[PDB]
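Heavy-atom basis, side chains included; hydrogens, waters and symmetry copies ignored. A note on names: the letters A, B, ... follow the listed sequences, proteins ahead of strands, and every chain is numbered from 1.
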Amino acid sequence: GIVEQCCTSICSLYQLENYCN
Amino acid sequence: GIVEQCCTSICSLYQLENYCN
Amino acid sequence: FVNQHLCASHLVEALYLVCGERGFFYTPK
Amino acid sequence: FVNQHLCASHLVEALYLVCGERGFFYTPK
């Protein structure tokens, strides 16, 4: 999920946008 | 490094391009 | 601001800035 | 092809396709 992708590893805009409505 | 970012976690174009000359 | 390690409220802030009026869901588990 | 888990030769392939004539460095450690 988002923590594994963006906190535990380096985030990206591509990944953040996966959590936009 | 690249394995932690792209193998162990999900890769992105932004991250791959960090390894282009 | 997005291409770094973002945790907790710092993560949330990035979602808020990126998603704008679309809004977002935050599921840390 | 880039937004997934890419390991070993599969990683290398993605670097090759993305970087094109710029070339790339591959340092797995």
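- Looking only at distances, a side-chain donor or acceptor of A:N21 sits under 3.5 Å from a matching main-chain atom of C:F24.
- In terms of heavy-atom proximity, C:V2 sits nearest to A:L13 at CG2-N, 3.8 Å.
- Atom OG of A:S9 sits about 7.0 Å away from atom NE2 of C:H5, to the nearest 0.5 Å.
- Counting all heavy atoms, side chain and backbone alike, C:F25 lies closest to A:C20 at CE2-O, 4.1 Å.
- Heavy atoms from other residues, nucleotides or ligands lying under 6.0 Å from CZ of C:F1 number more than 12.
- A disulfide bridge does not connect A:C6 to C:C7: their SG atoms sit 2.5 Å or farther from one another.
- More than 12 heavy atoms of other residues, nucleotides or ligands sit less than 6.0 Å from atom CD of C:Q4.
- The shortest side-chain heavy-atom distance between A:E17 and C:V18 falls under the 4.5 Å cut-off.
- Taking CG of C:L15 as the reference point, atom CD1 of A:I2 lies at 4.0 Å (rounded to 0.5 Å).
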Go through the steps for A:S12 and C:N3 under the test side chain to side chain contact (heavy atoms under 4.5 Å, CB included), then give the verdict. CA-CA 5 Å; A:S12 67; C:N3 304 110; 4.2 Å; yes
